[PDB]
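# Report on the structure
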Amino acid sequence: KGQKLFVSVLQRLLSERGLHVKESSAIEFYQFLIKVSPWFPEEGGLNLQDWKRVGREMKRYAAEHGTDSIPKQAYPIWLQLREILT
Amino acid sequence: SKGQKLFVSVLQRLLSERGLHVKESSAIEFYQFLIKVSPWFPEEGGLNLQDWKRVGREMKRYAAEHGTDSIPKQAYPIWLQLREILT
């Protein structure tokens with residue numbers, strides 16, 4: 001779980017910068033997030049170290065699985081959150 | 001302490017931006033208090049005004065049942081600052 005919490009946080013952080021995502025797009029981002037990085041809800045936080053780790057683990061997932069089944073919004077959201085955390 | 005480091009990181013960031021700073025260990029105590037009073041929150045709850053208003057009601061139900069003592073001093077102040085942010 002933590003889906004509701006994380007989504008509520010994401011949408012706040014993004015709308016603060018004028019970007020808006022569908023509720024269902026944010027949910028699918030999060031479902032994707034915890035698949036690639038299952039430790040994240042349990043052990044991770046919104047901090048640059050963890051978020052860069054999430055990103056390495058995604059760009060590994062892209063090499064080992066191809067663009068197929070990677071949501072089109074995942075990388076752009078990951079990237080926006082990286083900038084917010086910089 | 002599961003879901004902790006995440007919630008704690010959101011809390012510190014949100015307060016930071018309003019010029020408020022809270023020690024990590026005070027924020028950790030706040031969180032452990034929160035899930036004790038509202039164990040639904042990590043699974044079912046969002047950082048939104050309705051869920052958060054439910055949390056304060058439930059903190060006050062805890063204060064009624066077990067008295068003011070043994071409630072962290074930072075708990076109502078943090079709760080209140082985040083209530084405002086959610087408006």
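Residues numbered from 1 in each chain as written, not as in the entry; some residues may be left out. Chains lettered and ligands numbered in written order. Heavy atoms only, no water. Residues with missing side-chain atoms left out of burial classes, pairs and counts.

- As recorded in the entry header, the structure was determined using X-ray crystallography to a resolution of 2.0500 Å.

### Quick look at the overall build of chain A
- If you tally the helices and strands in chain A, you get five helices and zero strands.
- Taking the contacts inside chain A whose residues are at least 6 apart along the sequence as the reference set, 60% of them involve residues at least 24 apart. (Helix = DSSP H or I, 4+ residues; strand = E, 2+ residues; numbered from the N terminus. Contact = heavy atoms within 4.5 Å.)

### Description of the nonpolar core
- Within the largest apolar cluster, 52 residues are counted, with the highest numbers of intra-cluster contacts made by A:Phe6, A:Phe29, A:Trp51 and B:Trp52.
- Those elements that place two or more of their residues in this core are α1 (3-15), α2 (23-36), α4 (48-63) and α5 (74-84) of chain A together with α1 (4-16), α2 (24-37), α4 (49-66) and α5 (75-85) of chain B.
- Not counting the four nearest positions on each side in its chain, A:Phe29 is found in contact with A:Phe6, A:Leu10, A:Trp51, A:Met58, A:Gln73, A:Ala74, A:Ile77 and A:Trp78. (Core = buried A, V, L, I, M, F, W, Y, C linked by side-chain atoms within 4.5 Å. Buried < 20%, exposed > 50% of the residue type's maximum accessible area, 1.4 Å probe, protein only.)

### Considering α5(B)
- If you check which residues of α5(B) are buried, you get B:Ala75, B:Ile78, B:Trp79, B:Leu82 and B:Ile85. Looking straight down α5(B), one finds that the buried residues subtend no more than 120° of arc, so they occupy a single side.
- Where α5(B) is buried, its residues meet α1 of chain A together with α1, α2 and α4 of chain B. (Arc of directions from axis to C-beta.)

### Examining the packing of aromatic side chains
Residue and element names in this part refer to chain A.
- Evaluation of the coordinates by the stated rule reveals 18 aromatic pairs over all chains.
- Centre to centre, the rings of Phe6 and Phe40 are 6.3 Å apart; their planes meet at 90°, and the pair counts as edge-to-face. Here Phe6 is found in helix α1, whereas its partner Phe40 is found in helix α3 (residues 40-43), with 34 residues between them in sequence.
- For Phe6, a relative accessible area of 3% corresponds to the buried category.
- On the basis of an interplanar angle of 85° and a centroid distance of 5.9 Å, the ring pair of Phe32 and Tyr61 is categorised as edge-to-face. Highlighted residues: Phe32 in helix α2 and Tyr61 in helix α4, separated in sequence by 29 residues.
- Among the residues examined, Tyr61 registers a relative accessible area of 18% and is labelled buried.
- Joined through ring pairs, the aromatic side chains of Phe6, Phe29, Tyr30, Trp39, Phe40 and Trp51 make up one cluster.
- Above the face of the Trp39 ring, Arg53 is positioned so that its terminal group lies 3.6 Å from the ring centre. (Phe/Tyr/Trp six-rings, centres within 6.5 Å; stacked < 30°, edge-to-face > 60°. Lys NZ or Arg CZ within 6 Å of the ring centre and 35° of its normal.)

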